[PDB]
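In: pasting an experimental structure with its sequence.
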Amino acid sequence: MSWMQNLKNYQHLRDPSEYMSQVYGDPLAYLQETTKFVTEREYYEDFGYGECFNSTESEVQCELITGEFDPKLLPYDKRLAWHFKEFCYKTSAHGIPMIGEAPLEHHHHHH
């Protein structure tokens, strides 16, 4: 699984694999990250709750940690830190469950 970090640790190539290892759920998530690398309407509009805010079967427990979301092993740029960590490795769930602007906009989820 360490290959996931090995790709996402740096941005030298346009290979989608770096972002396919970033997000494990809905294609739209790492699709927008592949074309942008930064926040986007669709990137947090259909998202908000799940492994990486996604609506797919939780398998690696991103709500706490996966073993690939280790802060010591993943380099953090300003844009990387905000988008990557908050979307995937965010453990909290407050009034803003999105990457940025969420005026009481909570995506459907179950407790």
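Out: Alright, I've got the coordinates. Residues are numbered from 1 along each chain as shown.

In: I'd like to know which elements the biggest helix by length in the chain is packed against.
Out: Across the chain, the longest stretch assigned as helix under DSSP state H is helix 27-35. When contacts are defined as 3 or more CB pairs under 8 Å, 6 or more residues apart in numbering; DSSP states H and E, helix 27-35 packs onto helix 17-22, helix 41-45. In this view, the C-beta of every residue, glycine as well, is placed from N, C-alpha and C.

In: what residues sit buried inside the shortest one?
Out: Translated: helix 41-45. Within helix 41-45, the residues that qualify as buried are 43-44, counting by 16 or more other CB atoms under 10 Å.

In: list the buried ones in the helix or strand just after that helix?
Out: Downstream of helix 41-45, the first helix or strand assigned by DSSP states H and E is helix 78-80. Within helix 78-80, the residues scored as buried using 16+ other CB under 10 Å are residue 80.

In: distance of residue 106 from residue 49?
Out: 7 Å (CB to CB, to the nearest Å).

In: where's the nearest residue in space to residue 56 that is not next to it in sequence relative to residue 10, distance?
Out: Spatial nearest neighbour of residue 56, chain neighbours left out: residue 25 (3.5 Å); criterion: CB to CB, 6 or more residues apart in numbering. Distance, residue 25 to residue 10, by CB to CB: 23 Å.

In: now do residue 75
Out: From residue 75 to residue 10 the distance is 7 Å (CB to CB).

In: one more: residue 96?
Out: 29 Å.

In: neighbour count winner among these two?
Out: Legend: neighbour count by other CB atoms under 10 Å for residue 96 and residue 10, higher for residue 96 (17 against 12).

In: enumerate every residue touching the more buried one.
Out: Each residue near residue 96 by CB atoms under 8 Å, 6 or more residues apart in numbering is listed here: residue 102.

In: picking up where we left off before, so the residue nearest to residue 56 is in contact with residue 51, correct?
Out: Yes. The pair residue 25 / residue 51 is scored as a contact, 5.6 Å apart, by CB atoms under 8 Å.
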